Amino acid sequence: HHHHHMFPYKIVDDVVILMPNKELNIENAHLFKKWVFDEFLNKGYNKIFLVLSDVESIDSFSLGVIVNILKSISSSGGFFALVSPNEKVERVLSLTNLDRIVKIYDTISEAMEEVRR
């Protein structure tokens, strides 16, 4: 169903793997945030990988969305990880210290290994 699948994802072993295939920025940030909350977080799915392989850059609005997800998941005691940030994105994650407060993995298999234990 289209709205259920407004952005690409799959659920593997109670983990929601989000795979946006386009830029996450001011134009789509609120739409994406509302979708993650409505489809997953507000329905009790609080283990989420945000896969960034196809995200060219992030801006302050996409960072605000990441922060909002992180806050929700930290509050409920779930698991949040950023996966495969490119170099431009990783530079932003570093300079804003987000890499000190959220797990970041190079690959999905690495993230899966952590969430299992």
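The first residue of the shown sequence is 1; numbering continues from there.
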Quiz item: According to the deposited model, is the average Cα temperature factor higher in 1 to 9 or in 106 to 114?
Solution: 1 to 9
Exercise. Relative to the other modelled residues of the same chain, rank the CA B-factor of residue 81 and answer lowest, middle or highest third.
Key: lowest
Practice problem: Please rank the C-alpha B-factors of the chain's modelled residues and tell me whether residue 50 sits in the lowest, middle or highest third. | Solution: lowest
Quiz prompt | For residue 101, the third of its chain into which the C-alpha B factor falls | solution = middle
Quiz prompt | residue 73, C-alpha B-factor rank within chain (lowest, middle or highest third) | solution = lowest
Exercise. Looking at the entry's B-factor column for C-alpha atoms only, identify whether residue 19 ranks in the lowest, middle or highest third of its chain.
Key: lowest
